[PDB]
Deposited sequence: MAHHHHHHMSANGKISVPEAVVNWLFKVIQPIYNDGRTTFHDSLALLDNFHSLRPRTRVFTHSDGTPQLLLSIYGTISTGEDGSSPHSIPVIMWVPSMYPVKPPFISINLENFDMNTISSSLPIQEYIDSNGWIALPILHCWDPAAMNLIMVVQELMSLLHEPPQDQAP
């Protein structure tokens, strides 16, 4: 399901980045195993205060019936929830109901992320919620 070369790479890049490398590795690997349309890569994330930070991100298309997304896993995961943006890469900007769910900061306002409990939630659940996002009206 997940090439061993990817598993080894995943374990490798996670160690120097995450406070909780065991949970980050378990949850991210489980996610890749469950959703073959998703892939991992690390990229430098630029925070609002200008600080750059290399983080693991998972990207690809998720089904809603589909939307391209980039999910970021914060270094404090799971104490802090992941965050997701629509992946505009390569799209002909001349295009979404999903837009009504995107907050002013450009993140998808997934309910579960605002009602986050670091002891009973994982990345797989996050993607599951994304798949049903349109079933409820945009909160705030």
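Check: In sequence order, which deposited residues have no C-alpha?
Finding: According to the deposited record, C-alpha coordinates are absent for 1 to 15, 81 to 87, 118 to 121, 167 to 169, which together make up the missing parts.
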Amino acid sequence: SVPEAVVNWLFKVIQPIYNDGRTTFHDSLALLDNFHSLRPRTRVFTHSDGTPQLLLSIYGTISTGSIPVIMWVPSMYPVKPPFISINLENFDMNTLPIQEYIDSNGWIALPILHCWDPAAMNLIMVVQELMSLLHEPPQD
From here on, numbers count along this sequence of modelled residues.
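Check: Which has higher Cα B-factors on average according to the PDB entry: 50 to 58 or 86 to 94?
Finding: Comparing 86 to 94 with 50 to 58, the higher average CA B-factor belongs to 86 to 94.
Notebook entry, point to check: What stretch has the higher average Cα B-factor here, 37 to 45 or 109 to 117?
Noted result: Comparing averages over the C-alpha atoms only gives 109 to 117.
Item checked: Most elevated Cα B-factor in the entry, residues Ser75, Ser28, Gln99, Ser104 -> Spelled out: the listed residue with the top C-alpha B-factor is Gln99.
Notebook entry, point to check: Is the Cα B-factor recorded for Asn122 in the lowest, middle or highest third of its chain?
Noted result: Top third by C-alpha B-factor.
Next item on the list: Classify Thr24 as lowest, middle or highest third according to the C-alpha B-factor given in the PDB entry, relative to its own chain.
Entry: For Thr24, whose C-alpha B-factor we compare with every modelled residue in the chain, the answer is the lowest third.
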